[PDB]
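Participant: Chains as they are written, first to last, in PDB author numbering: chain m0, 2 to 101, 113 to 221; chain sM, 23 to 56; chain m1, 6 to 174; chain l5, 4 to 297; chain n1, 2 to 160. Note that CB positions come from ideal geometry on N, CA and C, so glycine has one too. Mind having a look at this structure? Questions to follow.
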Amino acid sequence: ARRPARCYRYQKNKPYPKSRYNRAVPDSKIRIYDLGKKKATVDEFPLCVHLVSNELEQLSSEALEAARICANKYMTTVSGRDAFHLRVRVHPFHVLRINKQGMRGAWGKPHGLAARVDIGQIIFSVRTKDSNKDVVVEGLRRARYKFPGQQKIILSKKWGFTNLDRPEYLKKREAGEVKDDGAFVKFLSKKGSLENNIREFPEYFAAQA
Amino acid sequence: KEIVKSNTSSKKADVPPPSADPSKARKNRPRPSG
Amino acid sequence: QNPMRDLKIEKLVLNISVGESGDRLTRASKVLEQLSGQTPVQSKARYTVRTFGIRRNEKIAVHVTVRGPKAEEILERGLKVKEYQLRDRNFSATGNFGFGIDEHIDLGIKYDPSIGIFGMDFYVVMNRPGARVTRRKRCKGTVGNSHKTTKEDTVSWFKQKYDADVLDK
Amino acid sequence: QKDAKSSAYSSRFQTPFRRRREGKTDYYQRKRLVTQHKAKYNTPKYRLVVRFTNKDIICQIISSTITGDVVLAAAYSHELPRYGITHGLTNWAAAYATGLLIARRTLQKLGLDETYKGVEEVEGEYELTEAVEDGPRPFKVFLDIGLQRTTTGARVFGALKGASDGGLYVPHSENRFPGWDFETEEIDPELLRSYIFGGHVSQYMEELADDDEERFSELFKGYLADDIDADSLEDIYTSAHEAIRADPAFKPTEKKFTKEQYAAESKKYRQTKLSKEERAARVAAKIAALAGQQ
Amino acid sequence: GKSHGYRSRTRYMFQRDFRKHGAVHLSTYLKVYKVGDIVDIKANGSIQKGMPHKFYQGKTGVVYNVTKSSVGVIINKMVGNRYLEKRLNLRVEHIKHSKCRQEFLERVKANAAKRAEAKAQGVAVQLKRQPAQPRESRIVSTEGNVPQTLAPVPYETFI
RNA sequence: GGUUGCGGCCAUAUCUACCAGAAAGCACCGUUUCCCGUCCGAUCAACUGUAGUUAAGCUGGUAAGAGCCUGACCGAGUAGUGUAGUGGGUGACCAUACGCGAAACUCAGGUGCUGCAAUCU
RNA sequence: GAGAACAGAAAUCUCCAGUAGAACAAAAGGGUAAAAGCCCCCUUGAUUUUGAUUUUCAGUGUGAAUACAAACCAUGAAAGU
RNA sequence: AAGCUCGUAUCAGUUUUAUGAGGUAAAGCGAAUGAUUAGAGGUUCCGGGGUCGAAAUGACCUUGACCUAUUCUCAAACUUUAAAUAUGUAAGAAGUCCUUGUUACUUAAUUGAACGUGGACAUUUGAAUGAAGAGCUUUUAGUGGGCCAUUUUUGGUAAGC
Ligand SMILES: NC[C@H]1O[C@H](O[C@H]2[C@H](O[C@@H]3O[C@H](CO)[C@@H](O)[C@H](N)[C@H]3O)[C@@H](O)[C@H](N)C[C@@H]2N)[C@H](N)[C@@H](O)[C@@H]1O
Ligand SMILES: [Mg+2]
Ligand SMILES: [Mg+2]
Ligand SMILES: [Mg+2]
Ligand SMILES: [Mg+2]
Ligand SMILES: [Mg+2]
Ligand SMILES: [Mg+2]
Ligand SMILES: [Mg+2]
Ligand SMILES: [Mg+2]
Ligand SMILES: [Mg+2]
Ligand SMILES: [Mg+2]
Ligand SMILES: [Mg+2]
Ligand SMILES: [Mg+2]
Ligand SMILES: [Mg+2]
Ligand SMILES: [Mg+2]
Ligand SMILES: [Mg+2]
Ligand SMILES: [Mg+2]
Ligand SMILES: [Mg+2]
Ligand SMILES: [Mg+2]
Ligand SMILES: [Mg+2]
Ligand SMILES: [Mg+2]
Ligand SMILES: [Mg+2]
Ligand SMILES: [Mg+2]
Ligand SMILES: [Mg+2]
Ligand SMILES: [Mg+2]
Ligand SMILES: [Mg+2]
Ligand SMILES: [Mg+2]
Ligand SMILES: [Mg+2]
Ligand SMILES: [Mg+2]
Ligand SMILES: [Mg+2]
Ligand SMILES: [Mg+2]
Ligand SMILES: [Mg+2]
Ligand SMILES: [Mg+2]
Ligand SMILES: [Mg+2]
Numbered sequence: 002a003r004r005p006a007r008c009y010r011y012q013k014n015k016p017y018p019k020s021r022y023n024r025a026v027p028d029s030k031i032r033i034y035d036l037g038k039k040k041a042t043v044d045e046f047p048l049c050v051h052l053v054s055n056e057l058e059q060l061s062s063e064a065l066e067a068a069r070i071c072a073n074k075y076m077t078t079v080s081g082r083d084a085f086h087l088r089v090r091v092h093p094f095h096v097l098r099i100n101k113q114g115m116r117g118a119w120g121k122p123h124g125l126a127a128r129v130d131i132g133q134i135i136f137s138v139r140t141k142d143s144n145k146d147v148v149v150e151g152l153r154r155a156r157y158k159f160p161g162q163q164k165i166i167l168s169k170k171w172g173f174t175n176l177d178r179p180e181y182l183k184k185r186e187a188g189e190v191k192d193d194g195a196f197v198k199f200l201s202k203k204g205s206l207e208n209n210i211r212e213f214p215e216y217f218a219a220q221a
Numbered sequence: 023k024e025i026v027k028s029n030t031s032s033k034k035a036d037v038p039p040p041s042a043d044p045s046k047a048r049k050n051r052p053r054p055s056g
Numbered sequence: 006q007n008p009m010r011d012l013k014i015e016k017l018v019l020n021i022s023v024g025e026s027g028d029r030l031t032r033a034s035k036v037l038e039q040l041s042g043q044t045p046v047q048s049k050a051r052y053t054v055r056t057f058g059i060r061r062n063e064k065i066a067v068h069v070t071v072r073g074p075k076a077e078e079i080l081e082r083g084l085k086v087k088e089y090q091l092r093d094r095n096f097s098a099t100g101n102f103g104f105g106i107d108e109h110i111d112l113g114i115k116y117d118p119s120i121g122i123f124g125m126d127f128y129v130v131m132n133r134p135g136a137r138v139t140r141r142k143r144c145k146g147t148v149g150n151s152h153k154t155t156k157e158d159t160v161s162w163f164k165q166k167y168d169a170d171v172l173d174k
Numbered sequence: 004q005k006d007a008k009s010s011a012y013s014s015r016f017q018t019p020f021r022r023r024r025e026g027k028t029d030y031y032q033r034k035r036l037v038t039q040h041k042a043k044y045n046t047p048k049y050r051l052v053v054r055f056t057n058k059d060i061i062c063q064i065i066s067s068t069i070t071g072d073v074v075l076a077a078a079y080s081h082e083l084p085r086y087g088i089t090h091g092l093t094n095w096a097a098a099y100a101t102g103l104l105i106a107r108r109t110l111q112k113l114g115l116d117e118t119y120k121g122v123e124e125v126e127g128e129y130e131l132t133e134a135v136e137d138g139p140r141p142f143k144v145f146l147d148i149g150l151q152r153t154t155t156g157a158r159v160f161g162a163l164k165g166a167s168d169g170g171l172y173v174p175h176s177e178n179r180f181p182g183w184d185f186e187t188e189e190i191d192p193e194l195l196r197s198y199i200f201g202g203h204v205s206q207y208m209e210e211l212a213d214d215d216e217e218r219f220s221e222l223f224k225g226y227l228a229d230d231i232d233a234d235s236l237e238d239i240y241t242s243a244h245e246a247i248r249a250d251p252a253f254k255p256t257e258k259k260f261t262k263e264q265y266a267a268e269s270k271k272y273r274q275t276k277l278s279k280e281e282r283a284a285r286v287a288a289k290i291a292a293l294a295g296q297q
Numbered sequence: 002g003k004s005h006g007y008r009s010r011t012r013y014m015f016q017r018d019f020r021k022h023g024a025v026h027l028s029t030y031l032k033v034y035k036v037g038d039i040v041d042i043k044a045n046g047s048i049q050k051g052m053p054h055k056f057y058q059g060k061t062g063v064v065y066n067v068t069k070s071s072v073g074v075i076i077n078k079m080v081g082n083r084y085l086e087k088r089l090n091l092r093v094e095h096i097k098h099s100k101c102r103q104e105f106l107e108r109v110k111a112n113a114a115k116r117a118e119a120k121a122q123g124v125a126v127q128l129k130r131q132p133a134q135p136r137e138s139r140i141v142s143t144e145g146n147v148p149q150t151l152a153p154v155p156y157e158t159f160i
C-alpha cells in the first residue's frame with residue numbers, strides 16, 4: 002500500500018490522535034528523536050542551527066524518519082559520531098485514514125501518522141562547535157530533499173539548545189548561575205528558598221563574583 | 023454477644039486488591055533449610 | 006519544655022487473625038474475652054482469595070482494644086514472653102510499636118484443651134496528653150511537630166521503663 | 004516531611020469555608036436553620052444557640068443577615084452567681100437556669116414577658132407554651148445544637164427545657180430528656196424534675212461523702228468551704244428561678260479600665276511585622292554567613 | 002441515533018467554576034425577592050431541583066410569583082416570528098438580582114435630586130446623558146517633552 | 001488591641017518549617033454515682049473547676065519558602081478575530097485597509113478583611 | 001508510607017498523610033466531603049385531589065420534569081426535609 | 001385580499017451607556033487528565049541477572065521500578081486562563097417621592113406582603129439614529145425536488161462529490 006504523500010500533505014482535519022476513542026493505530030516510522038552526542042555538556046556545543054518550516058502542512062512519520070537518517074548519516078560520516086547533537090523537534094501525533113460497495117459509510121481506518129507543522133515551526137535542530145557549521149548546514153540541506161514543501165535553514169543566535177543568545181549565556185556562565193543538569197542546565201533563581209539556593213549554586217554564592 | 027466491626031470501604035466487588043499478584047515475592051524470602 | 010507531654014499508651018489492641026469462620030473463630034474469640042475481660046469484636050474478610058480458603062464477608066478474625074492500667078498489665082505479660090527483647094524494626098515511624106507471641110498460655114491462662122492454643126498480635130500505640138485534639142468532634146486539630154510521638158522517642162521510652170532491649174541496628 | 008505537598012497540589016486545592024476549617028460551623032445544618040420561607044420575606048428565623056465550653060455555658064438568641072449574624076439577647080452561666088448558683092456552672096441544672104434566664108430576658112425586652120408566664124411550677128412535665136387566644140402568639144425560637152451530639156439526656160436539652168418552661172416557644176420532643184425509657188416509650192417526669200434542680204448531683208454528694216470522704220473532699224471542696232449542704236441543692240436552684248424570673252434584665256460587668264486602656268496594653272505584645280526594606284536587609288544579611296565560608 | 006435530552010450539551014454550561022464547588026454560601030439564601038424584580042438566571046449544577054432548562058441560562062427576566070424555596074420568573078422566548086411568554090419556576094440558587102436596574106434606580110434618585118437643587122435655584126436641568134463628544138482643542142507643550150522620532154525596524158531572525 | 005459564642009465574604013484566610021504568646025478566654029486536663037454510648041468512659045454521655053499545663057490546640061511572627069491574591073507601556077497592540085479589495089501566491093498560504101483585541105512569560109506588590117453580642121492588666 | 005505471632009504479593013490490628021485521585025445499579029457527562037459516599041435507627045412523600053409551569057412543540061399529543069395550593073403521613077431535638 | 005381601531009402614537013434585522021450569560025479561536029503542559037523525546041540526582045532490606053566472596057540478607061557490578069528536580073513535542077470527544085463576532089436584560093407618567101386605607105395571607109408584633117385614597121414633581125417627558133405611521137382581525141392562493149458564491153465546516157485521495 003502506502004498511497005503517495007501528496008494525499009495527506011495539507012492540514013484538512015481536526016487533530017485525530019491516538020486516543021481512548023481511536024485505538025488500533027500503527028506505530029510511528031520515526032522513533033529516535035535525539036542522535037549524536039546526546040549527553041554532551043551544554044558548553045560542548047555552542048553553535049545551533051535549525052531546519053525551519055516555511056509552510057503549513059503535515060509531514061509524514063515516514064519522511065521524518067527518512068530525513069532524520071539522512072541528516073545523521075552525513076553528520077557522522079563527515080564530522081564524526083560525536084561532533085553534533087541532532088534533535089528532531091516534531092512528533093507525528095496525527096492519524097491519517099484511508100477509506101480503502114460505494115461511498116456508503118466511508119469513515120476510514122487509520123493509515124499512518126504525520127506531524128502537524130506550522131509556518132516557522134522548527135523541525136530539526138543540531139548543536140555543535142562553531143568549527144562544524146558548514147557540515148551541519150549540509151546535513152540539514154541534504155535532509156530538506158526528504159521533506160515536502162519549503163523549509164529554510166537558520167543559524168540561530170542562541171547558545172546550544174538552551175536559549176539566551178550566546179553573550180547573555182556567557183554572562184551567566186562566568187557568573188555561577190549555570191548548573192549542569194543531564195544534557196541540559198538549570199539557572200539560578202532569585203525566587204526560591206535562600207537556603208537550598210546557595211547549596212544548589214555554590215559557585216555563584218559563594219564566593220560571589 | 024456477637025459484635026462485628028464496621029468496614030468503611032466503598033468497594034463492593036469480590037476481587038483481589040490492586041496489590042495482589044504473584045510478582046514481587048523473592049527467591050529466598052524465608053529459606054528454611056534443615 | 007518537658008512538663009506534661011510525658012508519654013503513655015493510647016491503647017493496646019490484641020489481635021488473633023484466625024483465617025476461617027466457625028468453631029475456631031468463636032474459640033479464639035473466647036481467649037480475648039477471657040483475657041481482656043471485655044467482649045471482643047470480629048472482622049470480616051475484605052475479599053475472597055481461594056488460596057487462603059476465605060470468602061468475602063466471612064468472619065476471619067477477632068481482636069480487642071484495651072486502654073488504661075489494664076492494658077499496661079497485659080503488655081507487661083507479653084514483654085515477659087519475649088523476655089523484654091524487641092527489635093529495631095518493631096516500631097512505627099509514628100511512635101507506635103508491637104510484637105507477637107504464639108500459644109497464648111505463656112501469660113496466665115492455664116490451658117483448656119477444648120478451648121485450644123492460639124497466638125496473637127500485640128500492637129500498642131503511644132500518644133501524649135492532648136490526643137483528643139485530633140479525636141474530638143468540635144475543633145478537630147493536628148498535633149504539633151513537637152509533641153507528635155516519634156520512633157526515636159518511644160524506643161528510648163521503651164528502654165527507660167520495662168528495663169528492656171532494642172535489637173539489631 | 005516526605006509528604007511534601009507539590010506546587011500543583013496546593014494550586015488546585017479548594018479551601019473549605021473558614022468556619023469549616025476551624026471546625027466550628029456546620030453549614031449543612033446552618034442552611035436548614037436560617038433559610039426563611041421566601042413568601043415570608045424578611046421575617047427572621049430566630050435560633051436558640053446553646054454552646055458548652057469547659058467552664059461556661061453560652062446561650063444566644065440569634066438571627067442572620069448577609070453582612071453578619073445578629074444576636075437579640077444573650078445569657079451566660081457565669082451570670083448565675085448573681086441569681087445564687089456559685090457552683091456547678093457546667094452541669095444540667097446550670098443549663099436549665101441559663102435557659103430560663105435567656106427565655107425571660109429576651110421576651111422581657113420584647114414586651115411579651117408579662118403575657119406568657121411560662122411554667123413557674125416545674126414538675127418536669129412535657130409541654131410547649133401555647134398561644135394565648137385573642138392575644139399575641141408566643142415568641143418562637145428554634146434550638147441550635149451546633150456540633151453537639153444528639154443523645155438522650157444531653158446538657159443542651161437542659162437549656163431547651165429551661166427556655167421552653169421560660170415561656171418561649173421552642174418546639175421539641177421528650178425522648179432526649181433524661182427519664183425517657185425506650186422500652187417504656189414514655190417520659191417519667193420525676194427523674195426529669197430531679198435533673199432540673201440537680202438531683203443527680205446531690206445524690207452523688209451523699210453517696211460520695213458517705214463512701215469516700217477524701218474523694219468527696221476533692222470534687223465538692225467548694226461546697227465544704229461554702230457550708231452548702233448536699234440536700235440543700237434543690238433550694239439553691241428553686242430560689243434562683245425566683246430571682247431570675249424576678250429580675251431577668253442583663254447587667255453588664257463593672258469594666259475595670261476601658262477599651263482604650265486595654266488596647267494600649269492587652270496586645271502591645273503583638274509582634275509588629277517588618278517593612279519590605281527591612282526585609283531586603285535580612286536577605287542581604289542572611290547572605291553573609293553562608294556566603295561566608297563558601 | 003440522534004440524542005437531544007433535557008440537559009443535552011450542558012457539560013461545560015452546568016460545570017461549577019474552577020475551585021468554587023461544594024456548598025452554596027448563605028448569601029444566596031438570604032436574598033429576598035419581590036414580584037416585579039429583575040433577576041439573572043444562572044443555573045447552579047450542585048442544586049438539581051428547581052433547575053432552569055439550558056435555554057434560559059444567561060437570560061434575565063421578571064419574577065411574577067414568590068413561593069417557599071423558589072420564585073416564578075417571566076421570560077420572553079422567541080419561537081417563530083414572534084415572542085412567547087414563558088413562566089419559570091426556579092430555586093433561589095439559580096437566581097440573582099439584576100445589577101442593571103440597580104444603576105437605573107440610583108440614577109433616578111440622582112436625577113430627582115439634581116432637578117430639585119436646580120428648581121430650588123431655578124436653573125437648567127439636562128438629565129439625559131449625552132454620548133461621548135468628539136474632543137476639544139488642546140495645546141500640548143514641548144517643555145520636558147521633545148518629540149523623539151521613530152523609525153521602522155529591519156527584519157531580524159530571533160530563532 | 002487580645003479572647004470567645006454566632007457569623008459574612010470563603011487561601012491576601014491554605015501548605016511546610018521554626019520561633020513567640022503578659023491578662024482574660026479557650027483548651028488540654030481531674031472524675032465515673034447519675035442520664036447516655038462504646039470491643040475499649042479514646043470518641044459520645046454525665047460530674048467537679050477541684051488536683052495540674054501552655055506541651056499541644058489556638059493566636060501572632062519568621063521564610064531571596066510551596067500555593068494563593070493584586071498590579072504593570074512585562075511580554076503585546078503579539079496570538080486569535082468582525083469588516084474590504086477583479087490584493088500577492090501554482091498552491092500552501094501571505095501582506096495591506098477600517099476595528100476588536102488574548103493567554104503563557106517577565107517584573108513589582110501583598111499574605112485574611114469584616115458584622116452582631118459578651119469578656120479581658 | 002511505617003509498623004504487629006503463624007502471615008506469604010495478597011487474611012487481620014494500629015498510626016501518619018491523603019481535594020476526592022473513591023463510591024453514588026447502568027452509558028457518558030455534570031454533581032457531592034461533619035455528604036449526595038460508608039454503617040446504623042425509624043419509616044412508606046413510590047400516598048390523596050385537581051389545576052399551573054419547563055423540554056420536544058403546531059407552543060397538539062406523549063414521556064419526563066419543576067414550584068405551589070388542599071389533605072393525610074414520615075423523620076428529627078428541632079429549623080426543616 | 002378585505003378591512004377594523006386609532007394616531008405622534010408607539011415602533012426598529014442599528015449604535016451608545018449600564019449590567020448579565022458563553023467555554024469556541026488563541027493560549028497551556030518545569031498546572032490536573034491523557035499522550036510524548038532525552039539525559040541527571042536520589043532512593044530499593046522492602047525486582048532480574050553480579051564475572052570475586054562456598055557462606056547469604058554482605059560490601060562492590062549492571063538493569064528494572066519508584067521518588068525529585070529538569071528537557072523535546074501534542075489533544076474534536078483535555079484543561080487553569082480566555083477573546084473576536086454573535087447573545088439576555090435595562091435607559092421612567094404603566095415613573096418617582098410623601099401621607100396613610102384595605103386583608104381570612106404572614107409576623108412574637110401594626111411586622112410585611114399585596115391593592116388602594118389624598119398630596120408633590122411634566123422645559124431637556126431622563127442616551128443616539130431613524131420612523132415615510134402604530135396597533136389589530138378575518139380569510140384564502142402558491143410552495144413544501146431547490147441550487148450557487150464568500151467565510152466557518154463534516155465524510156472522502158479527491159470530484160462540476
Ligand atoms: N498563524 C498565522 C495566522 O496569520 C493570519 O493573521 C494575520 C491577520 O490575518 C487576518 O485574519 C483575520 C481572520 O478572519 C482577518 O482579519 C483576515 N481574514 C486576515 O487578513 C492579518 O490581518 C494581520 N495583519 C497579520 C496577522 N498575522 C491569519 N488570519 C490566521 O488565520 C493565520 O492562521
Ligand atoms: Mg475532512
Ligand atoms: Mg523540500
Ligand atoms: Mg462497607
Ligand atoms: Mg506522592
Ligand atoms: Mg515546584
Ligand atoms: Mg446534624
Ligand atoms: Mg416529633
Ligand atoms: Mg449525538
Ligand atoms: Mg461558567
Ligand atoms: Mg467565568
Ligand atoms: Mg429529583
Ligand atoms: Mg460508669
Ligand atoms: Mg475521660
Ligand atoms: Mg463529653
Ligand atoms: Mg509555647
Ligand atoms: Mg512567596
Ligand atoms: Mg478575503
Ligand atoms: Mg491591525
Ligand atoms: Mg498566612
Ligand atoms: Mg504491609
Ligand atoms: Mg489523619
Ligand atoms: Mg448524613
Ligand atoms: Mg417530581
Ligand atoms: Mg487550541
Ligand atoms: Mg494558558
Ligand atoms: Mg513546563
Ligand atoms: Mg541511576
Ligand atoms: Mg544494587
Ligand atoms: Mg485574567
Ligand atoms: Mg490573570
Ligand atoms: Mg399549505
Ligand atoms: Mg415536490
Ligand atoms: Mg454545476
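1) What residue range is occupied by the uninterrupted beta strand (DSSP E) comprising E15 (chain m1)?
2) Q165 (chain m1) to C62 (chain l5), Cα distance in whole Å?
3) Suppose you measure from the CA of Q113 (chain m0) to the CA of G120 (chain m0); what does that come to, to the nearest Å?
4) Expressed to the nearest angstrom, what Euclidean distance is found between the alpha-carbon atoms of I110 (chain m1) and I122 (chain m1)?
5) Output needed for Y34 (chain m0): all residues of its chain with C-beta closer than 7 angstroms, excluding positions within five of it in sequence on either side, in chain order.
6) Per DSSP, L125 (chain m0) is paired with what?
7) I'd like to check one pair, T140 (chain m0) with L52 (chain m0): are the Cβ atoms closer than 9 angstroms?
8) Evaluate the contact criterion for the stretch 98 to 113 of chain l5 versus the stretch 164 to 172 of chain l5: three or more CB pairs, one atom per stretch, below 8 angstroms.
9) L150 (chain l5) versus chain m1: which residues are under 8 angstroms apart at the beta carbon?
10) Can you grab the Cα-Cα spacing for the pair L75 (chain l5) / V109 (chain n1), in whole Å?
Facilitator: Reading from the atomic positions:
1) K13 to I21
2) 49 angstroms
3) 14 angstroms
4) 7 angstroms
5) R88 and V89
6) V96 (chain m0)
7) no
8) yes
9) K142 and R143
10) 36 angstroms
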